[PDB]
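See structure below.
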Amino acid sequence: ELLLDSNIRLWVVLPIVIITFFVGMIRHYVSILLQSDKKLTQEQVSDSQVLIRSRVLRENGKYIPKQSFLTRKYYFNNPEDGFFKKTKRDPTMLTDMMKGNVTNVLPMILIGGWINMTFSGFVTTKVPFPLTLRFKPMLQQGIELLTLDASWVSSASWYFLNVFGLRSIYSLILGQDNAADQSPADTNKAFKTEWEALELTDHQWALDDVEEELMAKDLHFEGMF
Amino acid sequence: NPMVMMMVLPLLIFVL
Amino acid sequence: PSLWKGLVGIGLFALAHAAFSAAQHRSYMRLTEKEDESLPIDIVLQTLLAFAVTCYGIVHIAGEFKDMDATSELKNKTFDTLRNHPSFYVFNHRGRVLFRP
Amino acid sequence: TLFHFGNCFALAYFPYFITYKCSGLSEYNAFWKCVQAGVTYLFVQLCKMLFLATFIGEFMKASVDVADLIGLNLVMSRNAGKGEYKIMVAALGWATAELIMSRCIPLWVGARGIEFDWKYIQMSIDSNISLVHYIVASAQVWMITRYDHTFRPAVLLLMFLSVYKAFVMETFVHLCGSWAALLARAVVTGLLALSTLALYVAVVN
Amino acid sequence: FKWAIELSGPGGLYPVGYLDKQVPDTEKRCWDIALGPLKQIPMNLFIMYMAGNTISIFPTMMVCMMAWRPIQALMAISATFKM
Amino acid sequence: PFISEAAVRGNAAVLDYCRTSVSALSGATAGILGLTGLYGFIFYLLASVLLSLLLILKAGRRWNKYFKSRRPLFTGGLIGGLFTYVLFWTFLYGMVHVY
Amino acid sequence: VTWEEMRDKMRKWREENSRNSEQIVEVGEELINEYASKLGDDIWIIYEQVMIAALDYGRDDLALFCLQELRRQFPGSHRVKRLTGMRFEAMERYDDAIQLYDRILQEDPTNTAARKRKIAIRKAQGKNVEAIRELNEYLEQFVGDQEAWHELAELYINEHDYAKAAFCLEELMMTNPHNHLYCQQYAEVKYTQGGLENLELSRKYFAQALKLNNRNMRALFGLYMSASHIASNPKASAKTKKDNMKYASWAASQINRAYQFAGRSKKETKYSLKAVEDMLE
């Protein structure tokens, strides 16, 4: 094998892991710190909640008798009622959203480049599986060897593997669905599509057969204590 | 960095 | 029980000792340079046992599963609670007058 | 001597099958419960090996006994039902683990060949009495549980002290024949069995 | 019934959503849904192929392209069929 | 009947947590053992199915109220586990076998 | 009895909207007096409940303490502003509370707390009609607020507009199909509302609630009595008569079973027997 310098472990292997871990934490914390809710007026939240109610009605009107459901239908999408008809109305925001979307991967690539410069010329670890030779130019950046096994990796690709393998850990410790990783606007069209969808929907009162399906079995009663 | 540019061009392709 | 938590610690500790042993054995090779290329059976057995026990502890540590049926936790929710409406509280009741003002 | 291996297997496993079918397995379908008990027993064995490595014979035996008792208590708390039946679901799982442990593998590697040592049939006998030993252990666990009264803590402490009786008898035999030693272990295990059933008839109230 | 008490009587704008009057008002797509990804996948595949040296210099882009339209479809084959 | 999103999300979360932990531990163990090449990869698979059983043990009987089917037990987050397994395998094989 | 235990009890007592002001105020006072520093900011929400309980309990002495601490910690906070409004309302100080809520609304128009507190003031003042109108208007911008929806339904029940209450309970069930309490309450409202055209709905929804919870014996005998009333009603058809008689018989069987379980669980006089003597009648 190869008698690698022990100091390469104490100053090039572990620091990379620590950097990746804390950079992920930093990135997640900066993401949550930067996020500020945009102010919403009454109309937008009102229409969003109205279409929410309409959709949940479409979803589960089955537990509601037919007349209540078709009265709901009349109220929402029907000329006479009026509802769903008389219900309608470098930029800073684009730059901000583009920067926010960019800051999820670009900092990682910049850190990788900085590491590649800072830690150029080493052999950090041997990958325990026989990688292909064609992957040599990128795994062994900063190494002048020619016949070296492809399983030996430079600092940059080791950092890349580290950053690839730590997202699950981030979700494990930081919390579920953390932001440290690598990866309605229009109501008129929404109104019309809700109109069409709830027009297409039908009714099936799920209570039409609850009694018969209840009479079959006795009521659970144990554990009353 | 040539590496940074060559690895950020796919980032721009992924975004677009 | 909470003791489960303590267990997992020792598992890692056991594993940690194995690591030391492995390192030393590696040094052994790095000082013996013979065609052994094999770990001692004792140390590997110790490592495997540590892995097994630590995973077993983790199994307890993962927690308890939750039932999917939404009508599980709502069974014991009596109507005397859902009707309170904390936002719409009113303080013109007999509680204030009866109790010390 | 494959047919001897057959005879020894018939001696060891079949009483377990008999207990399985005579203890109302269909009451809970204890295959899953038995599997859980066996996993716990394997874990306890792993813990005992780790503890022995960490930490002359009495200390190791005490640690093994403590781990087994703790595992049995945890397994018992894992399931709810008939007291005799939790007794069964614990004892049967642990006993199956013991047979499946290093008292079946030597029976496979040894035996079935040309040699004939009485050790295999003796091991089968001892495994069969191990059934009642684990019955005793489960009785002790149930006594620890099932409320507290009538000098119950004194009896529980005495039963806990009586655990690791196998190591004590082994030490005595080492200080002191193989068939004689096996017989002595059988009689002491039977004495503990009768003590535990006496406790059971005392506690039924 | 000796306790058939009636609690109705006086009924007192109207709550939103309420309407007092009782009104009496009252292959195939799967082929297109399957052909959708069947036509979108070649577009990304063609783009990746036409990248040429750009794809070679972008090892992550090729993987992302092959995992977006393809791979994901194979992984979510059951989900695609159920949808 | 009426599935509750919070409970199913918690079950998914705990399963994912267990998978991630077990995969990391398996990677550490494979790096410890000095497994190299395909023989390492196979080890990961073994650990996984073992965990399912263990998960099966944790769920045990009457698991039907926890999940619709046993499928998430088998293939839940396998690639995410594989990444951490290979990471820990390289990590431990580096700080054990390389030096 | 450690501060974590009472802390968990207070967390639970907050999670489910309880109104045992005495117990919750005592536990909160113990936590904030003995174990104030034993945990971090998690007592701060407690400092809310503690005062509200106080306002419910009438012990206003610590309400000022909690309010001053929160205000000194959270200057210019809408939550603390609403809390001050409730503090004002504790002594029926309505004009200042209304002015504060109006200031909150003009400072933030999407706030819903100010509207809820002001309508609470209106209903405390006895103006039930204007409270109903205010809730209807507020919902017109916030359709989907279950708490206000249920509050309006309760107000309509108190005011005896069972049609509007039934409508609100229908849409509430739309929001929560899986809540048997809504089904039971709607069945009760429909039964109180009218006759067979509503008795059928009441019995169907009672059966649904029983399906959603077998232990809701309240809804159980509600279904029983609805079926009995349908049977006694001359307008019931012969097939409907026998169907509702079967429903009542099944419900009665379940009631006898339930009361037998109530008997085996406890050890006292056989009141359950007297109860089924009533049912047999």
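A note on labels: chains of the structure tokens are A, B, ... as shown, every chain counts residues from 1, and ligands are counted from 1 in their shown order.
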
Residues of chain A that approach chain F to 8 Å or less, counting only C-alpha atoms: could you list each one with the shortest pair of atoms and its distance in Å to one decimal, rows by chain and increasing residue number, as a Markdown table?
| residue | atom | partner | partner_atom | distance |
| --- | --- | --- | --- | --- |
| A:2 | CA | F:98 | CA | 7.4 |
| A:3 | CA | F:99 | CA | 7.0 |
| A:4 | CA | F:99 | CA | 6.3 |
| A:5 | CA | F:99 | CA | 7.6 |
| A:6 | CA | F:99 | CA | 6.4 |
| A:9 | CA | F:95 | CA | 7.4 |
| A:125 | CA | F:94 | CA | 5.6 |
| A:126 | CA | F:94 | CA | 6.6 |
| A:127 | CA | F:90 | CA | 5.8 |
| A:128 | CA | F:36 | CA | 4.6 |
| A:129 | CA | F:37 | CA | 3.8 |
| A:130 | CA | F:37 | CA | 6.1 |
| A:161 | CA | F:87 | CA | 6.9 |
| A:162 | CA | F:87 | CA | 6.8 |
| A:164 | CA | F:83 | CA | 7.3 |
| A:165 | CA | F:84 | CA | 4.9 |
| A:166 | CA | F:84 | CA | 7.1 |
| A:168 | CA | F:20 | CA | 6.3 |
| A:169 | CA | F:20 | CA | 7.2 |
| A:172 | CA | F:17 | CA | 5.9 |
| A:176 | CA | F:13 | CA | 7.1 |

- Message: With only C-alpha atoms as the counted atoms, please give the residues lying no more than 12 Å from residue 10 (chain B), apart from itself and same-chain residues fewer than 2 positions off, as an MDAnalysis selection string.
- Response: (chainID A and resid 105:106 109) or (chainID B and resid 3:8 12:16) or (chainID E and resid 48 51 53:65)

- Item | Shell of 10 Å around residue 7 (chain E), only C-alpha atoms, local chain residues under 3 positions omitted, as a ChimeraX atom specification | /E:4,10 /G:160,162,192-194

Can I get the selected residues back with C-alpha atoms, as a compact mmCIF listing (two decimals), in the first residue's frame?
# COMPACT_ATOMS: atom_id res chain seq x y z
CA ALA E 4 -90.92 15.56 23.91
CA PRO E 10 -87.93 32.20 16.87
CA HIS G 160 -81.98 29.31 18.53
CA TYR G 162 -80.81 25.97 14.30
CA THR G 192 -83.66 19.93 17.80
CA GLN G 193 -84.26 21.82 14.55
CA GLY G 194 -87.25 19.89 13.26

- Pick out the residues sitting within 10 Å of residue 55 (chain F), and hand them over as number ranges by chain; count only C-alpha atoms, and ignore anything fewer than 6 positions along from it in its own chain. C: 59-60, 62; F: 15, 18-19, 49, 73-74

For a quick test of understanding: name the residues of chain C lying within 12 Å of chain D when counting only C-alpha atoms, and present them as an mmCIF file with C-alpha atoms, in the first residue's frame.
data_model
loop_
_atom_site.group_PDB
_atom_site.id
_atom_site.type_symbol
_atom_site.label_atom_id
_atom_site.label_comp_id
_atom_site.auth_asym_id
_atom_site.auth_seq_id
_atom_site.Cartn_x
_atom_site.Cartn_y
_atom_site.Cartn_z
ATOM 1 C CA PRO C 1 -36.848 2.757 29.458
ATOM 2 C CA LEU C 3 -31.471 2.856 30.359
ATOM 3 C CA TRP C 4 -31.677 2.093 26.653
ATOM 4 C CA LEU C 7 -26.635 1.332 26.314
ATOM 5 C CA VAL C 8 -26.028 2.982 22.972
ATOM 6 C CA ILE C 10 -21.340 1.912 25.581
ATOM 7 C CA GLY C 11 -21.870 0.374 22.160
ATOM 8 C CA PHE C 13 -17.409 2.944 23.322
ATOM 9 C CA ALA C 14 -17.041 -0.740 22.546
ATOM 10 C CA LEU C 15 -16.673 0.132 18.891
ATOM 11 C CA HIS C 17 -12.012 0.274 21.588
ATOM 12 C CA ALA C 18 -12.226 -1.951 18.525
ATOM 13 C CA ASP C 42 -11.343 -11.654 18.683
ATOM 14 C CA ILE C 43 -11.315 -8.029 17.579
ATOM 15 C CA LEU C 45 -16.030 -10.529 16.850
ATOM 16 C CA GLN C 46 -15.924 -7.665 19.323
ATOM 17 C CA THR C 47 -16.671 -5.185 16.551
ATOM 18 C CA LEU C 48 -19.582 -7.232 15.240
ATOM 19 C CA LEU C 49 -21.014 -7.615 18.696
ATOM 20 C CA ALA C 50 -20.727 -3.886 19.288
ATOM 21 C CA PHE C 51 -22.482 -3.205 16.000
ATOM 22 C CA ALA C 52 -25.274 -5.605 16.845
ATOM 23 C CA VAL C 53 -25.882 -4.318 20.345
ATOM 24 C CA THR C 54 -25.669 -0.703 19.299
ATOM 25 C CA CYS C 55 -28.183 -1.266 16.537
ATOM 26 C CA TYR C 56 -30.415 -3.099 18.987
ATOM 27 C CA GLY C 57 -30.266 -0.173 21.358
ATOM 28 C CA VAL C 59 -34.093 0.139 17.734
ATOM 29 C CA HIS C 60 -35.404 0.990 21.163
#
